[PDB]
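Q: PDB, C-alpha atoms, file final.pdb:
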```
ATOM      1  CA  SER A   2       0.000   0.000   0.000  1.00  0.00           C
ATOM      2  CA  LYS A   3       0.491   3.759  -0.547  1.00  0.00           C
ATOM      3  CA  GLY A   4      -2.137   5.059   1.747  1.00  0.00           C
ATOM      4  CA  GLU A   5       0.494   7.002   3.542  1.00  0.00           C
ATOM      5  CA  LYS A   6       0.644   9.478   0.660  1.00  0.00           C
ATOM      6  CA  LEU A   7      -2.982  10.486   1.363  1.00  0.00           C
ATOM      7  CA  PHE A   8      -1.897  12.003   4.659  1.00  0.00           C
ATOM      8  CA  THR A   9       1.127  14.160   3.775  1.00  0.00           C
ATOM      9  CA  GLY A  10      -0.957  17.368   3.824  1.00  0.00           C
ATOM     10  CA  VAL A  11      -3.949  18.731   5.740  1.00  0.00           C
ATOM     11  CA  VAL A  12      -6.994  16.425   5.437  1.00  0.00           C
ATOM     12  CA  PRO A  13     -10.588  17.459   6.171  1.00  0.00           C
ATOM     13  CA  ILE A  14     -12.331  15.312   8.782  1.00  0.00           C
ATOM     14  CA  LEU A  15     -16.026  14.443   9.196  1.00  0.00           C
ATOM     15  CA  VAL A  16     -17.279  12.350  12.107  1.00  0.00           C
ATOM     16  CA  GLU A  17     -20.844  10.992  12.694  1.00  0.00           C
ATOM     17  CA  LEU A  18     -21.968   9.017  15.716  1.00  0.00           C
ATOM     18  CA  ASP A  19     -25.352   7.555  16.526  1.00  0.00           C
ATOM     19  CA  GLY A  20     -25.605   6.354  20.104  1.00  0.00           C
ATOM     20  CA  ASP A  21     -28.010   4.576  22.399  1.00  0.00           C
ATOM     21  CA  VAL A  22     -27.103   4.247  26.096  1.00  0.00           C
ATOM     22  CA  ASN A  23     -29.678   2.581  28.272  1.00  0.00           C
ATOM     23  CA  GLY A  24     -32.260   3.540  25.631  1.00  0.00           C
ATOM     24  CA  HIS A  25     -31.220   7.205  25.579  1.00  0.00           C
ATOM     25  CA  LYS A  26     -30.647   8.001  21.917  1.00  0.00           C
ATOM     26  CA  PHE A  27     -28.349  10.706  20.738  1.00  0.00           C
ATOM     27  CA  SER A  28     -26.239  11.823  17.785  1.00  0.00           C
ATOM     28  CA  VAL A  29     -22.926  13.616  17.501  1.00  0.00           C
ATOM     29  CA  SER A  30     -21.363  15.260  14.490  1.00  0.00           C
ATOM     30  CA  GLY A  31     -17.765  16.407  14.258  1.00  0.00           C
ATOM     31  CA  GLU A  32     -15.540  18.322  11.887  1.00  0.00           C
ATOM     32  CA  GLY A  33     -11.958  19.406  11.663  1.00  0.00           C
ATOM     33  CA  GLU A  34      -8.659  18.775  10.037  1.00  0.00           C
ATOM     34  CA  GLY A  35      -5.851  16.290  10.367  1.00  0.00           C
ATOM     35  CA  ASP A  36      -2.155  16.858   9.673  1.00  0.00           C
ATOM     36  CA  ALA A  37      -0.508  13.492  10.285  1.00  0.00           C
ATOM     37  CA  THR A  38       2.924  14.859   9.428  1.00  0.00           C
ATOM     38  CA  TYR A  39       2.796  16.462  12.931  1.00  0.00           C
ATOM     39  CA  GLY A  40       0.369  13.899  14.458  1.00  0.00           C
ATOM     40  CA  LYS A  41      -2.197  16.726  14.736  1.00  0.00           C
ATOM     41  CA  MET A  42      -6.011  16.836  14.728  1.00  0.00           C
ATOM     42  CA  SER A  43      -8.049  19.922  15.372  1.00  0.00           C
ATOM     43  CA  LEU A  44     -11.704  18.927  15.983  1.00  0.00           C
ATOM     44  CA  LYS A  45     -15.071  20.259  17.145  1.00  0.00           C
ATOM     45  CA  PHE A  46     -17.971  17.965  18.090  1.00  0.00           C
ATOM     46  CA  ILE A  47     -21.617  18.898  18.519  1.00  0.00           C
ATOM     47  CA  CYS A  48     -24.533  16.958  19.938  1.00  0.00           C
ATOM     48  CA  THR A  49     -27.121  17.326  17.195  1.00  0.00           C
ATOM     49  CA  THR A  50     -30.016  15.891  19.245  1.00  0.00           C
ATOM     50  CA  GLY A  51     -29.893  18.306  22.152  1.00  0.00           C
ATOM     51  CA  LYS A  52     -28.069  17.535  25.379  1.00  0.00           C
ATOM     52  CA  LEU A  53     -25.703  14.624  25.404  1.00  0.00           C
ATOM     53  CA  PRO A  54     -26.926  11.958  27.887  1.00  0.00           C
ATOM     54  CA  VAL A  55     -23.460  10.713  28.881  1.00  0.00           C
ATOM     55  CA  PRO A  56     -20.354  12.825  29.600  1.00  0.00           C
ATOM     56  CA  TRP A  57     -18.256  14.022  26.650  1.00  0.00           C
ATOM     57  CA  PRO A  58     -15.111  12.399  28.140  1.00  0.00           C
ATOM     58  CA  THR A  59     -16.609   8.942  27.875  1.00  0.00           C
ATOM     59  CA  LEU A  60     -17.048   9.388  24.055  1.00  0.00           C
ATOM     60  CA  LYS A  61     -13.657  10.874  23.235  1.00  0.00           C
ATOM     61  CA  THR A  62     -11.790   7.645  22.377  1.00  0.00           C
ATOM     62  CA  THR A  63     -14.777   6.548  20.148  1.00  0.00           C
ATOM     63  CA  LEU A  64     -14.934   9.875  18.251  1.00  0.00           C
ATOM     64  CA  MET A  68      -8.955   8.260  13.831  1.00  0.00           C
ATOM     65  CA  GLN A  69      -5.611   6.664  14.578  1.00  0.00           C
ATOM     66  CA  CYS A  70      -4.686   7.064  10.863  1.00  0.00           C
ATOM     67  CA  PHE A  71      -3.683  10.643  11.786  1.00  0.00           C
ATOM     68  CA  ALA A  72      -0.870   9.467  14.122  1.00  0.00           C
ATOM     69  CA  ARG A  73       2.704  10.523  13.384  1.00  0.00           C
ATOM     70  CA  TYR A  74       4.808   7.420  12.751  1.00  0.00           C
ATOM     71  CA  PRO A  75       8.486   8.331  12.886  1.00  0.00           C
ATOM     72  CA  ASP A  76      10.363   7.441   9.693  1.00  0.00           C
ATOM     73  CA  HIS A  77      11.951   4.425  11.359  1.00  0.00           C
ATOM     74  CA  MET A  78       8.515   3.006  12.214  1.00  0.00           C
ATOM     75  CA  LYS A  79       6.641   3.680   8.957  1.00  0.00           C
ATOM     76  CA  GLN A  80       6.451  -0.048   8.200  1.00  0.00           C
ATOM     77  CA  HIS A  81       4.242  -0.488  11.277  1.00  0.00           C
ATOM     78  CA  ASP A  82       1.430   1.941  10.260  1.00  0.00           C
ATOM     79  CA  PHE A  83      -1.560  -0.321   9.569  1.00  0.00           C
ATOM     80  CA  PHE A  84      -4.042   2.567   9.723  1.00  0.00           C
ATOM     81  CA  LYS A  85      -2.776   4.508   6.721  1.00  0.00           C
ATOM     82  CA  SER A  86      -1.931   1.300   4.771  1.00  0.00           C
ATOM     83  CA  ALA A  87      -5.669   0.409   4.746  1.00  0.00           C
ATOM     84  CA  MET A  88      -6.578   3.726   3.016  1.00  0.00           C
ATOM     85  CA  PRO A  89      -8.349   4.887   1.035  1.00  0.00           C
ATOM     86  CA  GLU A  90     -10.768   1.905   1.289  1.00  0.00           C
ATOM     87  CA  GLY A  91     -10.503   2.156   5.055  1.00  0.00           C
ATOM     88  CA  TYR A  92     -10.956   0.002   8.094  1.00  0.00           C
ATOM     89  CA  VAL A  93     -13.604  -1.130  10.525  1.00  0.00           C
ATOM     90  CA  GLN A  94     -12.780  -0.195  14.104  1.00  0.00           C
ATOM     91  CA  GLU A  95     -14.675  -2.053  16.859  1.00  0.00           C
ATOM     92  CA  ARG A  96     -14.371  -1.676  20.592  1.00  0.00           C
ATOM     93  CA  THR A  97     -15.877  -2.787  23.838  1.00  0.00           C
ATOM     94  CA  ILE A  98     -15.216  -0.284  26.622  1.00  0.00           C
ATOM     95  CA  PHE A  99     -15.888  -1.675  30.138  1.00  0.00           C
ATOM     96  CA  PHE A 100     -16.464   1.049  32.739  1.00  0.00           C
ATOM     97  CA  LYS A 101     -15.512  -0.322  36.152  1.00  0.00           C
ATOM     98  CA  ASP A 102     -18.620  -0.980  38.280  1.00  0.00           C
ATOM     99  CA  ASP A 103     -20.859   0.362  35.547  1.00  0.00           C
ATOM    100  CA  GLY A 104     -22.004  -0.555  32.025  1.00  0.00           C
ATOM    101  CA  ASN A 105     -20.106  -0.996  28.810  1.00  0.00           C
ATOM    102  CA  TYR A 106     -20.078   0.592  25.375  1.00  0.00           C
ATOM    103  CA  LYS A 107     -19.865  -1.447  22.227  1.00  0.00           C
ATOM    104  CA  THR A 108     -18.830   0.573  19.198  1.00  0.00           C
ATOM    105  CA  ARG A 109     -18.404  -0.101  15.495  1.00  0.00           C
ATOM    106  CA  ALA A 110     -16.998   2.434  13.092  1.00  0.00           C
ATOM    107  CA  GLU A 111     -15.915   2.671   9.494  1.00  0.00           C
ATOM    108  CA  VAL A 112     -13.049   4.982   8.832  1.00  0.00           C
ATOM    109  CA  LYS A 113     -12.384   5.713   5.124  1.00  0.00           C
ATOM    110  CA  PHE A 114     -11.962   8.432   2.536  1.00  0.00           C
ATOM    111  CA  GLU A 115     -15.001   9.890   0.747  1.00  0.00           C
ATOM    112  CA  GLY A 116     -13.139  11.892  -1.847  1.00  0.00           C
ATOM    113  CA  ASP A 117     -10.561  14.018  -0.009  1.00  0.00           C
ATOM    114  CA  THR A 118     -12.419  13.893   3.345  1.00  0.00           C
ATOM    115  CA  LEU A 119     -11.539  11.336   5.989  1.00  0.00           C
ATOM    116  CA  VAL A 120     -14.880  10.136   7.328  1.00  0.00           C
ATOM    117  CA  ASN A 121     -15.457   8.295  10.617  1.00  0.00           C
ATOM    118  CA  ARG A 122     -18.943   6.860  10.903  1.00  0.00           C
ATOM    119  CA  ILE A 123     -19.809   5.287  14.219  1.00  0.00           C
ATOM    120  CA  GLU A 124     -22.666   3.488  15.963  1.00  0.00           C
ATOM    121  CA  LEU A 125     -22.448   3.012  19.755  1.00  0.00           C
ATOM    122  CA  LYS A 126     -24.629   0.951  22.117  1.00  0.00           C
ATOM    123  CA  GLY A 127     -24.353   1.136  25.846  1.00  0.00           C
ATOM    124  CA  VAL A 128     -26.040  -1.203  28.220  1.00  0.00           C
ATOM    125  CA  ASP A 129     -26.273  -1.833  31.953  1.00  0.00           C
ATOM    126  CA  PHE A 130     -25.485   1.648  33.118  1.00  0.00           C
ATOM    127  CA  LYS A 131     -26.434   2.833  36.598  1.00  0.00           C
ATOM    128  CA  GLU A 132     -29.019   5.639  36.191  1.00  0.00           C
ATOM    129  CA  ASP A 133     -27.465   7.556  39.124  1.00  0.00           C
ATOM    130  CA  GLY A 134     -23.863   6.552  38.519  1.00  0.00           C
ATOM    131  CA  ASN A 135     -20.934   8.691  37.466  1.00  0.00           C
ATOM    132  CA  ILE A 136     -21.801   8.387  33.752  1.00  0.00           C
ATOM    133  CA  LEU A 137     -25.593   8.786  33.496  1.00  0.00           C
ATOM    134  CA  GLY A 138     -25.417  11.111  36.498  1.00  0.00           C
ATOM    135  CA  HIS A 139     -22.881  13.369  34.768  1.00  0.00           C
ATOM    136  CA  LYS A 140     -20.308  13.272  37.565  1.00  0.00           C
ATOM    137  CA  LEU A 141     -17.173  13.311  35.459  1.00  0.00           C
ATOM    138  CA  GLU A 142     -14.755  16.168  35.134  1.00  0.00           C
ATOM    139  CA  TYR A 143     -14.537  17.823  31.668  1.00  0.00           C
ATOM    140  CA  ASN A 144     -10.860  17.421  31.317  1.00  0.00           C
ATOM    141  CA  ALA A 145      -8.444  16.205  28.677  1.00  0.00           C
ATOM    142  CA  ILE A 146      -7.621  12.525  28.145  1.00  0.00           C
ATOM    143  CA  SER A 147      -4.010  11.773  27.282  1.00  0.00           C
ATOM    144  CA  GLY A 148      -2.050   8.509  27.248  1.00  0.00           C
ATOM    145  CA  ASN A 149      -1.061   5.343  25.393  1.00  0.00           C
ATOM    146  CA  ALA A 150      -2.900   2.877  23.128  1.00  0.00           C
ATOM    147  CA  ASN A 151      -1.032  -0.446  22.861  1.00  0.00           C
ATOM    148  CA  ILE A 152      -1.129  -1.835  19.272  1.00  0.00           C
ATOM    149  CA  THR A 153      -0.491  -5.433  18.229  1.00  0.00           C
ATOM    150  CA  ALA A 154      -0.837  -7.300  14.919  1.00  0.00           C
ATOM    151  CA  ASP A 155      -3.956  -9.482  14.322  1.00  0.00           C
ATOM    152  CA  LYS A 156      -2.826 -11.547  11.418  1.00  0.00           C
ATOM    153  CA  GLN A 157      -5.884 -13.864  11.507  1.00  0.00           C
ATOM    154  CA  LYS A 158      -8.046 -10.791  10.733  1.00  0.00           C
ATOM    155  CA  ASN A 159      -5.391  -9.096   8.531  1.00  0.00           C
ATOM    156  CA  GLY A 160      -5.508  -6.150  10.964  1.00  0.00           C
ATOM    157  CA  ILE A 161      -4.626  -4.984  14.435  1.00  0.00           C
ATOM    158  CA  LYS A 162      -5.848  -5.100  17.974  1.00  0.00           C
ATOM    159  CA  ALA A 163      -5.358  -2.470  20.660  1.00  0.00           C
ATOM    160  CA  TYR A 164      -5.792  -2.260  24.408  1.00  0.00           C
ATOM    161  CA  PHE A 165      -5.524   0.495  27.024  1.00  0.00           C
ATOM    162  CA  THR A 166      -7.314   1.798  30.083  1.00  0.00           C
ATOM    163  CA  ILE A 167      -8.477   5.445  30.354  1.00  0.00           C
ATOM    164  CA  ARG A 168      -8.584   6.904  33.872  1.00  0.00           C
ATOM    165  CA  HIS A 169     -11.523   9.363  33.885  1.00  0.00           C
ATOM    166  CA  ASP A 170     -11.463  11.895  36.733  1.00  0.00           C
ATOM    167  CA  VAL A 171     -14.668  11.907  38.816  1.00  0.00           C
ATOM    168  CA  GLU A 172     -15.775  15.127  40.535  1.00  0.00           C
ATOM    169  CA  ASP A 173     -15.271  13.507  43.970  1.00  0.00           C
ATOM    170  CA  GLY A 174     -11.560  13.071  43.255  1.00  0.00           C
ATOM    171  CA  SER A 175     -11.829   9.340  42.433  1.00  0.00           C
ATOM    172  CA  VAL A 176     -11.146   7.722  39.042  1.00  0.00           C
ATOM    173  CA  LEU A 177     -13.465   5.834  36.725  1.00  0.00           C
ATOM    174  CA  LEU A 178     -11.490   3.176  34.789  1.00  0.00           C
ATOM    175  CA  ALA A 179     -12.523   2.546  31.208  1.00  0.00           C
ATOM    176  CA  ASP A 180     -10.939  -0.653  29.986  1.00  0.00           C
ATOM    177  CA  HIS A 181     -10.749  -0.561  26.122  1.00  0.00           C
ATOM    178  CA  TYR A 182     -10.498  -3.600  23.859  1.00  0.00           C
ATOM    179  CA  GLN A 183     -10.170  -2.785  20.183  1.00  0.00           C
ATOM    180  CA  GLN A 184     -10.082  -4.663  16.876  1.00  0.00           C
ATOM    181  CA  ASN A 185      -9.527  -3.165  13.438  1.00  0.00           C
ATOM    182  CA  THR A 186      -9.938  -4.941  10.072  1.00  0.00           C
ATOM    183  CA  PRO A 187      -9.409  -3.596   6.566  1.00  0.00           C
ATOM    184  CA  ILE A 188     -12.455  -2.949   4.410  1.00  0.00           C
ATOM    185  CA  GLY A 189     -10.545  -3.457   1.099  1.00  0.00           C
ATOM    186  CA  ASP A 190      -8.791  -6.580  -0.040  1.00  0.00           C
ATOM    187  CA  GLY A 191      -5.477  -4.792  -0.886  1.00  0.00           C
ATOM    188  CA  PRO A 192      -2.285  -5.449   1.047  1.00  0.00           C
ATOM    189  CA  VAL A 193      -1.840  -3.933   4.509  1.00  0.00           C
ATOM    190  CA  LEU A 194       0.980  -3.435   6.999  1.00  0.00           C
ATOM    191  CA  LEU A 195       0.922  -5.723  10.001  1.00  0.00           C
ATOM    192  CA  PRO A 196       2.953  -4.089  12.729  1.00  0.00           C
ATOM    193  CA  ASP A 197       5.321  -5.161  15.434  1.00  0.00           C
ATOM    194  CA  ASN A 198       4.114  -4.235  18.929  1.00  0.00           C
ATOM    195  CA  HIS A 199       4.168  -0.531  19.600  1.00  0.00           C
ATOM    196  CA  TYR A 200       1.974   2.182  21.086  1.00  0.00           C
ATOM    197  CA  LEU A 201       0.350   5.444  20.174  1.00  0.00           C
ATOM    198  CA  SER A 202       0.844   8.286  22.585  1.00  0.00           C
ATOM    199  CA  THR A 203      -1.877  10.926  22.647  1.00  0.00           C
ATOM    200  CA  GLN A 204      -1.477  14.473  24.045  1.00  0.00           C
ATOM    201  CA  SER A 205      -4.810  16.307  24.177  1.00  0.00           C
ATOM    202  CA  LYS A 206      -6.115  19.816  24.960  1.00  0.00           C
ATOM    203  CA  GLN A 207      -9.864  20.006  25.500  1.00  0.00           C
ATOM    204  CA  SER A 208     -11.924  23.223  25.531  1.00  0.00           C
ATOM    205  CA  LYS A 209     -15.224  24.962  24.913  1.00  0.00           C
ATOM    206  CA  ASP A 210     -16.070  27.437  22.131  1.00  0.00           C
ATOM    207  CA  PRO A 211     -17.366  30.549  23.886  1.00  0.00           C
ATOM    208  CA  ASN A 212     -19.635  31.334  20.945  1.00  0.00           C
ATOM    209  CA  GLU A 213     -21.237  27.879  20.716  1.00  0.00           C
ATOM    210  CA  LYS A 214     -24.651  27.395  22.327  1.00  0.00           C
ATOM    211  CA  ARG A 215     -25.047  23.722  21.365  1.00  0.00           C
ATOM    212  CA  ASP A 216     -23.646  21.003  23.616  1.00  0.00           C
ATOM    213  CA  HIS A 217     -20.111  20.538  22.238  1.00  0.00           C
ATOM    214  CA  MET A 218     -16.479  19.662  22.722  1.00  0.00           C
ATOM    215  CA  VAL A 219     -13.389  21.181  21.084  1.00  0.00           C
ATOM    216  CA  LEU A 220     -10.194  19.141  20.919  1.00  0.00           C
ATOM    217  CA  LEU A 221      -6.607  19.692  19.814  1.00  0.00           C
ATOM    218  CA  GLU A 222      -4.870  16.287  19.686  1.00  0.00           C
ATOM    219  CA  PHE A 223      -1.319  15.193  18.950  1.00  0.00           C
ATOM    220  CA  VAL A 224      -0.725  11.493  18.415  1.00  0.00           C
ATOM    221  CA  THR A 225       2.724   9.857  17.998  1.00  0.00           C
ATOM    222  CA  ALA A 226       3.732   6.262  17.420  1.00  0.00           C
ATOM    223  CA  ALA A 227       6.455   5.025  19.828  1.00  0.00           C
ATOM    224  CA  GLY A 228       7.866   1.987  21.497  1.00  0.00           C
ATOM    225  CA  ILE A 229      10.407   0.801  18.898  1.00  0.00           C
ATOM    226  CA  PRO A 230      13.820   2.707  19.313  1.00  0.00           C
ATOM    227  CA  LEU A 231      15.910   4.881  16.686  1.00  0.00           C
TER     228      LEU A 231
END
```
Give the structure from the file, written as C-alpha cells.
A:
Amino acid sequence: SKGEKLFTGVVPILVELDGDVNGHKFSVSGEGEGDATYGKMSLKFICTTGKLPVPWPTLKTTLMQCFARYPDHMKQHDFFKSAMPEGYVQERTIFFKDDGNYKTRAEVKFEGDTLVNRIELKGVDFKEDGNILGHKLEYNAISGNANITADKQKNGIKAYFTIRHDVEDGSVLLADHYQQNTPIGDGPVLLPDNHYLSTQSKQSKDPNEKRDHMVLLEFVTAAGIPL
C-alpha cells in the first residue's frame, strides 16, 4: 500500500456518531482537520439531538488513529494509513468499572478528499445515578497510550488500554478498552510489530457555541520501537 501518501498534507475530517445508552438516543457530528505529518487533529464535536446523555469524556476515544505521526523508522508499522483509502472497521468494547459498557463499530475511510469516521455506539447496563448517566465526570483532557499489536488472523490490528476518567469527587473511573480493526478493502496492509500510540490532548469549549459541544486539539505519535 500507498495510503500514507494520502496524509502528507492537511486532510478534512467528518465524524458521525449515533448512540443509544440505556435507551437514551443521541447523535454527535464532528468536523476538523488532520495533519498526520505532525500527528495533529483539530476537531469540534456537537450533539445534534440536544443535550448529550453521557459525559463528553466517555465518548472521546470513540470519536482516527490514521492521523498518528509514525516516525520514519517506524513507517512499516502503520496499519491505519496502509488500509486507506478503502478504510478500516474499528470495533471496541469499553468496560467502565462498576458500571455498564459501550460497544462501538466504526468505518473509517476516505469519501473523496475527506476522511470520514462513521460510528454506531450501544451502551447497556449503566447505573441511572452513577458517574456516567449522572454526569459526575470532570470535563478534562484525556491523554495517554494505546497499545497496538498485529492481528494476522483478521489481517488487521488489535489495541488495548485503560483510560482513567477523573470523577468530581476526586476518584477515578477506569474505562478498559479492547479494540479490533480490520481492513475494508482486499489490498495489502501493513501488520505491525508491537508498539503504542501516545496521545497528548487539549480540550476546551467554544465561547460562541450554544449547542452542547467539545473542542479538541490532539497530537498522536507512534512510539515503542527505538531509533
Q: Find the residues near residue 153 in chain A: any atom within 9 Å, counting only C-alpha atoms, skip ones fewer than 3 places away on the same chain, and give them as a list in words.
A: residues 160, 161, 162, 163, 164, 195, 196, 197, 198, 199 and 200 of chain A
Q: Output the residue selection produced by the PyMOL selection byres ((chain A and resi 26-28) around 12) on the file above, formatted as a ChimeraX atom specification.
A: /A:16-25,29-31,46-55,60,64,122-127,216-217
Q: Name the closest residue to residue 136 in chain A among the candidates A:95, A:176, A:155, A:59; distances are taken between atoms, counting all atoms listed in the file.
A: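 Using all atoms listed in the file, the shortest distance to residue 136 in chain A belongs to A:59.
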Q: Selected by the PyMOL selection byres ((chain A and resi 73-89) around 9) in the shown coordinates: which residues, as a PyMOL selection string?
A: chain A and resi 2-8+36-41+68-72+90-92+112-116+119+154+160-161+185-189+191-199+201+223-227+229-231
Q: Got time to write the residues from that selection, C-alpha atoms, as a PDB file, in the coordinates of the input?
A:
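Output below, filename selection02.pdb:
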```pdb
ATOM      1  CA  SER A   2       0.000   0.000   0.000  1.00  0.00           C
ATOM      2  CA  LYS A   3       0.491   3.759  -0.547  1.00  0.00           C
ATOM      3  CA  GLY A   4      -2.137   5.059   1.747  1.00  0.00           C
ATOM      4  CA  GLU A   5       0.494   7.002   3.542  1.00  0.00           C
ATOM      5  CA  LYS A   6       0.644   9.478   0.660  1.00  0.00           C
ATOM      6  CA  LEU A   7      -2.982  10.486   1.363  1.00  0.00           C
ATOM      7  CA  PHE A   8      -1.897  12.003   4.659  1.00  0.00           C
ATOM      8  CA  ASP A  36      -2.155  16.858   9.673  1.00  0.00           C
ATOM      9  CA  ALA A  37      -0.508  13.492  10.285  1.00  0.00           C
ATOM     10  CA  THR A  38       2.924  14.859   9.428  1.00  0.00           C
ATOM     11  CA  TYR A  39       2.796  16.462  12.931  1.00  0.00           C
ATOM     12  CA  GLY A  40       0.369  13.899  14.458  1.00  0.00           C
ATOM     13  CA  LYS A  41      -2.197  16.726  14.736  1.00  0.00           C
ATOM     14  CA  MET A  68      -8.955   8.260  13.831  1.00  0.00           C
ATOM     15  CA  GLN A  69      -5.611   6.664  14.578  1.00  0.00           C
ATOM     16  CA  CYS A  70      -4.686   7.064  10.863  1.00  0.00           C
ATOM     17  CA  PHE A  71      -3.683  10.643  11.786  1.00  0.00           C
ATOM     18  CA  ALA A  72      -0.870   9.467  14.122  1.00  0.00           C
ATOM     19  CA  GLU A  90     -10.768   1.905   1.289  1.00  0.00           C
ATOM     20  CA  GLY A  91     -10.503   2.156   5.055  1.00  0.00           C
ATOM     21  CA  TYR A  92     -10.956   0.002   8.094  1.00  0.00           C
ATOM     22  CA  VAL A 112     -13.049   4.982   8.832  1.00  0.00           C
ATOM     23  CA  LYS A 113     -12.384   5.713   5.124  1.00  0.00           C
ATOM     24  CA  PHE A 114     -11.962   8.432   2.536  1.00  0.00           C
ATOM     25  CA  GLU A 115     -15.001   9.890   0.747  1.00  0.00           C
ATOM     26  CA  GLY A 116     -13.139  11.892  -1.847  1.00  0.00           C
ATOM     27  CA  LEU A 119     -11.539  11.336   5.989  1.00  0.00           C
ATOM     28  CA  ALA A 154      -0.837  -7.300  14.919  1.00  0.00           C
ATOM     29  CA  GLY A 160      -5.508  -6.150  10.964  1.00  0.00           C
ATOM     30  CA  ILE A 161      -4.626  -4.984  14.435  1.00  0.00           C
ATOM     31  CA  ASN A 185      -9.527  -3.165  13.438  1.00  0.00           C
ATOM     32  CA  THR A 186      -9.938  -4.941  10.072  1.00  0.00           C
ATOM     33  CA  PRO A 187      -9.409  -3.596   6.566  1.00  0.00           C
ATOM     34  CA  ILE A 188     -12.455  -2.949   4.410  1.00  0.00           C
ATOM     35  CA  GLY A 189     -10.545  -3.457   1.099  1.00  0.00           C
ATOM     36  CA  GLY A 191      -5.477  -4.792  -0.886  1.00  0.00           C
ATOM     37  CA  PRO A 192      -2.285  -5.449   1.047  1.00  0.00           C
ATOM     38  CA  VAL A 193      -1.840  -3.933   4.509  1.00  0.00           C
ATOM     39  CA  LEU A 194       0.980  -3.435   6.999  1.00  0.00           C
ATOM     40  CA  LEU A 195       0.922  -5.723  10.001  1.00  0.00           C
ATOM     41  CA  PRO A 196       2.953  -4.089  12.729  1.00  0.00           C
ATOM     42  CA  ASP A 197       5.321  -5.161  15.434  1.00  0.00           C
ATOM     43  CA  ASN A 198       4.114  -4.235  18.929  1.00  0.00           C
ATOM     44  CA  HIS A 199       4.168  -0.531  19.600  1.00  0.00           C
ATOM     45  CA  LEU A 201       0.350   5.444  20.174  1.00  0.00           C
ATOM     46  CA  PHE A 223      -1.319  15.193  18.950  1.00  0.00           C
ATOM     47  CA  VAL A 224      -0.725  11.493  18.415  1.00  0.00           C
ATOM     48  CA  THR A 225       2.724   9.857  17.998  1.00  0.00           C
ATOM     49  CA  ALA A 226       3.732   6.262  17.420  1.00  0.00           C
ATOM     50  CA  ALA A 227       6.455   5.025  19.828  1.00  0.00           C
ATOM     51  CA  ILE A 229      10.407   0.801  18.898  1.00  0.00           C
ATOM     52  CA  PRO A 230      13.820   2.707  19.313  1.00  0.00           C
ATOM     53  CA  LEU A 231      15.910   4.881  16.686  1.00  0.00           C
TER      54      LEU A 231
END
```
Q: Could you write out as a list in words the residues that the PyMOL selection byres ((chain A and resi 207) around 8) matches in the shown file?
A: residues 144, 145, 205, 206, 208, 209, 218, 219, 220 and 221 of chain A
Q: Tell me, in Å to one decimal, how far CA of residue 61 in chain A is from CA of residue 11 in chain A.
A: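 Separation between CA of residue 61 in chain A and CA of residue 11 in chain A: 21.5 Å.
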Q: Taking into account only C-alpha atoms, which residue in the set A:172, A:111, A:34, A:103 is nearest to residue 142 in chain A?
A: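 Result for the nearest residue to residue 142 in chain A: A:172.
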Q: Give as a short mmCIF file (atom, residue, chain, number, x, y, z; two decimals) with C-alpha atoms, keeping the file's coordinate frame every residue, naming chains and numbers as the document does, that has an atom within 8 Å of (-5.2, 1.5, 24.9), counting all atoms listed in the file.
A:
```
data_model
loop_
_atom_site.label_atom_id
_atom_site.label_comp_id
_atom_site.auth_asym_id
_atom_site.auth_seq_id
_atom_site.Cartn_x
_atom_site.Cartn_y
_atom_site.Cartn_z
CA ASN A 149 -1.06 5.34 25.39
CA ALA A 150 -2.90 2.88 23.13
CA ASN A 151 -1.03 -0.45 22.86
CA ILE A 152 -1.13 -1.84 19.27
CA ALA A 163 -5.36 -2.47 20.66
CA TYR A 164 -5.79 -2.26 24.41
CA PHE A 165 -5.52 0.50 27.02
CA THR A 166 -7.31 1.80 30.08
CA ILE A 167 -8.48 5.44 30.35
CA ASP A 180 -10.94 -0.65 29.99
CA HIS A 181 -10.75 -0.56 26.12
CA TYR A 182 -10.50 -3.60 23.86
#
```
Q: Enter the distance from CA of residue 12 in chain A to CA of residue 214 in chain A, in Å, rounded to one decimal.
A: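 Straight-line distance from CA of residue 12 in chain A to CA of residue 214 in chain A works out to 26.8 Å.
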Q: Which value, in Å to one decimal, gives the distance between CA of residue 57 in chain A and CA of residue 129 in chain A?
A: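 One can read the CA of residue 57 in chain A to CA of residue 129 in chain A distance as 18.5 Å.
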Q: From the list A:130, A:143, A:106, A:99, which residue is nearest residue 170 in chain A when using all atoms listed in the file?
A: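 Ranking A:130, A:143, A:106, A:99 by distance to residue 170 in chain A, first place goes to A:143.
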Q: Counting all atoms listed in the file, which residue out of A:104, A:63, A:13, A:148 sits closest to residue 42 in chain A?
A: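 Closest to residue 42 in chain A, using all atoms listed in the file: A:13.
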Q: Using all atoms listed in the file, find the one residue out of A:202, A:35, A:213, A:173 that sits nearest to residue 117 in chain A.
A: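 Smallest distance to residue 117 in chain A is found for A:35.
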Q: Counting all atoms listed in the file, which of A:157, A:215, A:140, A:204 gets nearest to residue 174 in chain A?
A: A:140
Q: What would range 142-147 of chain A look like with N, CA and C atoms in place, written as a tab-separated table (two decimals), keeping the file's coordinate frame?
A:
```
chain	number	residue	atom	x	y	z
A	142	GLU	N	-15.40	14.92	35.47
A	142	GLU	CA	-14.76	16.17	35.13
A	142	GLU	C	-14.55	16.29	33.63
A	143	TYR	N	-14.84	17.51	33.09
A	143	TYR	CA	-14.54	17.82	31.67
A	143	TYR	C	-13.07	18.15	31.56
A	144	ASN	N	-12.25	17.12	31.51
A	144	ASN	CA	-10.86	17.42	31.32
A	144	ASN	C	-10.29	16.39	30.29
A	145	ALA	N	-9.13	16.81	29.83
A	145	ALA	CA	-8.44	16.20	28.68
A	145	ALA	C	-8.02	14.84	29.06
A	146	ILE	N	-8.03	13.96	28.05
A	146	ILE	CA	-7.62	12.52	28.14
A	146	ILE	C	-6.43	12.37	27.32
A	147	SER	N	-5.30	12.01	27.97
A	147	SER	CA	-4.01	11.77	27.28
A	147	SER	C	-3.51	10.38	27.62
```
